[PDB]
Each structure stands twice: as structure tokens, then as C-alpha cells.
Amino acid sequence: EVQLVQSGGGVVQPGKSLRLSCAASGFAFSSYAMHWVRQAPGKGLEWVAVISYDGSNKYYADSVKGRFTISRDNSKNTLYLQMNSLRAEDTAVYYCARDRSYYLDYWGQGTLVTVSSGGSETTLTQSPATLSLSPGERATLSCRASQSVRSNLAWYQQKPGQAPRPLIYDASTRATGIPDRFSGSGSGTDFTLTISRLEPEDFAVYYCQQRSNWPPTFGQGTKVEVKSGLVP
């Protein structure tokens, strides 16, 4: 079983620096690219950086480019992010994630980074914002992309304060362990995720992600929440 354990969060002041660590186990770390993704308080996931399997190629989102340095130590099975000259805009839970050719199939637990004392991307529009249902009912979630991504969409399940978990790759293929009551559909810009026969554990936020149009982007999510108030 693939395991990613992060360390090095905490609160800093603007202009200061931090290093995040991600120790990998249960897989041939040296064979996979590794990504950083972050989530600002109460908002959606943003792609930060990617390092190649051997550490020679490195790529960064425009927003953190020039002051975040991604790195890895393949003997220690560790991935790092050096975050220099931090701003308030950088306040986020940060996640390391194993690459599945720019889908993310395994995620670290997340580390909060608080930078507070001062102080043509493809857009993925999810609807509805919330969906209030009871167990046994069918949730139908939508994700309209601004440009075509063909079938290059993945869906993730995020429980409150916990790391995102892949549900679907390539519009319609389930990730390992995902029961067949989850199903995805679509190619181009119009995509759906259907969760039939909702189970107690399915109540969560759901994120769609495109990988084909640079840089990788996520929707702002749909919260599937338990229906408060009986339905007469």
C-alpha cells in the first residue's frame, strides 16, 4: 500500500521561508513523478509544482514560480518543497501526490502553512455548489470546462479536513477500490459524476480535475451533504 507522510507545516510571517517534506513508502518512489497541490482555507485545490521521477525536470504554476523550489531525494524516498518569500496568498494546506501522468492517485495527509501576520487557464465550473440528499438517493454532479479537455478529467473525494482521494480517471474509469455505484461520463467540456445508492461515507466534497490543458486545474467543488429536514 502506497503511503505518503508529510511534515513541516506551521505559521510564518510574510517574506519568510519554509520547507515541506513528504516521505514515500510502499512503492518504487524513483519511478514516479511527484506533484505538490495546495488548498487555501475553505476553497478549491490548486496545482503548485511537479518534479520528474529522477529529479532533473521541474515545473511550477505561474503563481509560485521563482520562489518555490520542488526537489526530491531518491535515496531517502523523500520529496521536498522549499517555499521562499511567502505571501498571504500562499496560506494553504499543502499536499504531496503521486503522479498518474498528471492525475494524482495517492495523496499525503496535508500540512497547513499559515502566512499571516501582516499581511488562459482552463476553468472547471462545478454545479450545484451543494447537493443535499439522504442515503440511498442518487447524486448527480456536473463540471463544465471552459475549453475542451477531451476525456482528460478526473474526480476526487475530499472528507472534511482530509486529503483528496481519487474516484475516477479519464472521465469514466474508476480508481482502484472504488465501488461501481460511482460512475463518470463525458468528453469535451460537459462532465458528470453520478453516485447512485448514496452511502453514509459518500457525503463529502467532490472535485473534478483536468490534466490535458496546462496547468492542471481543479473545480471549486460540490459538497454532497446529508439532507437536514425530512422531505414531505
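Numbers follow the displayed sequence, beginning with 1.
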{"property": "Size class of the missing deposited segment between residue 119 and residue 120", "result": "10 or more"}
{"property": "Segment of higher mean CA temperature factor, 209 to 217 or 12 to 20", "result": "12 to 20"}
{"property": "Residue, from 28, 49, 33, 163, that the PDB entry assigns the highest Cα B-factor", "result": "163"}
{"property": "Chain-relative CA temperature factor third for residue 62", "result": "lowest"}
{"property": "Chain-relative CA temperature factor third for residue 136", "result": "lowest"}
{"property": "Chain-relative CA temperature factor third for residue 68", "result": "lowest"}
{"property": "Ranked C-alpha temperature factor of residue 54 among modelled chain residues, by third", "result": "middle"}
{"property": "Residue 39, C-alpha B-factor rank within chain (lowest, middle or highest third)", "result": "highest"}
